[PDB]
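Scroll down for the structure; my scribbles are underneath it.
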Amino acid sequence: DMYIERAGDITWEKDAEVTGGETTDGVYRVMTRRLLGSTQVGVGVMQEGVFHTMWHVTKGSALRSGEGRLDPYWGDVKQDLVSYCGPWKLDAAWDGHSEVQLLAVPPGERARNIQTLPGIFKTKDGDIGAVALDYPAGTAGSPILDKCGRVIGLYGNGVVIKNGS
């Protein structure tokens, strides 16, 4: 018994804090109900009728969105990703040198944007971008945005670089 709650629109804010059918487009909290209350297990992105979050957040469990239900469609544990009622839609990528915005949606708190420049973490599958910020447990899946409001990654999973593309 896990459910999602819409938290806001996915948009780049110009005055941002700086560092150095049934399911509407938006950013959602991923919640789970305990007898006593409920806990934010993560965050996800609704785009083109597909919900996107990270595997560790749901482990493929179904999600009820308002009145309806959402069923898992694609998932990969190695990548730690999962999409619901539709294949993966988030195709945007990071140029590899521009500042991004983390649309942080921490548990119990209002969503916010925060500009930052990812580090490039060198790994044996490719260079990848990493948002070097610390947010609570449950903030995972918060969207990472480019200047055009497009989702180039999700918090905690890296940002793909495609200048070499």
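Read-outs: derived from the displayed coordinates by stated rules, not from any lab. All Cβ positions, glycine included, derive from the backbone under ideal geometry; neighbour counts span all protein chains shown.
Please compute the net charge surrounding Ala111, taking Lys and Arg as +1 and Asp and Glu as -1 over other residues with Cβ under 14 Å from its Cβ. Please report the intermediate quantities before stating the final value.
Details: positive: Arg6, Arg29, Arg110, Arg112; negative: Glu5, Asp9, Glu13, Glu17, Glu109.
Net charge around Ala111: -1.
Calculated [222 nm] ellipticity per residue, helices only, for the chain: -500 deg cm²/dmol; basis is -39500 (n - 2.57) per DSSP H run with n ≥ 4, divided by all residues, nearest 500.
Working note: Karplus 6.51/-1.76/1.60 with θ = phi - 60° gives the range 64-79 the couplings 9, 10, x, 6, x, 10, 10, 10, x, 10, 10, x, 9, 6, 4, 7 Hz, where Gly and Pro are set to x. Which Cα, out of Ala62, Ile10, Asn157, lies furthest along the positive dipole direction of the chain (beta carbon charges, K/R +1, D/E -1)? Of the options given, the answer is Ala62. Applying the Karplus relation 6.51 cos²θ - 1.76 cosθ + 1.60 with θ = phi - 60° to the range 147-162 yields 3J(HN,Hα) values of 3, 9, x, 8, 8, 9, x, 10, 3, x, 10, x, 10, 5, 10, 9 Hz, where x marks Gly and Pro. Annotation: for a label point projected 7 angstrom from Cα along Cα→Cβ of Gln79, residues of the range 15-58 with backbone N closer than 12 Å are 53-55. If the chain linking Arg69 and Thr39 were pulled fully straight, counting 0.36 nm for each residue of separation and taking away their Cα-Cα distance, it would gain 8.9 nm.
Treating each Cα of the chain as one equal point scatterer and applying the Debye formula with no solvent, the log10 of I(q)/I(0) at q = 0.11 Å⁻¹ comes out as -0.41. By the count of other C-beta atoms within 10 Å, a proxy for reagent exposure, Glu67, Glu13, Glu22 are ordered fewest to most as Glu67, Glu22, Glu13. Per-residue Cβ neighbour counts within 10 Å put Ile152, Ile114, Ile10 in the sequence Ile114, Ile10, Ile152, beginning with the fewest.
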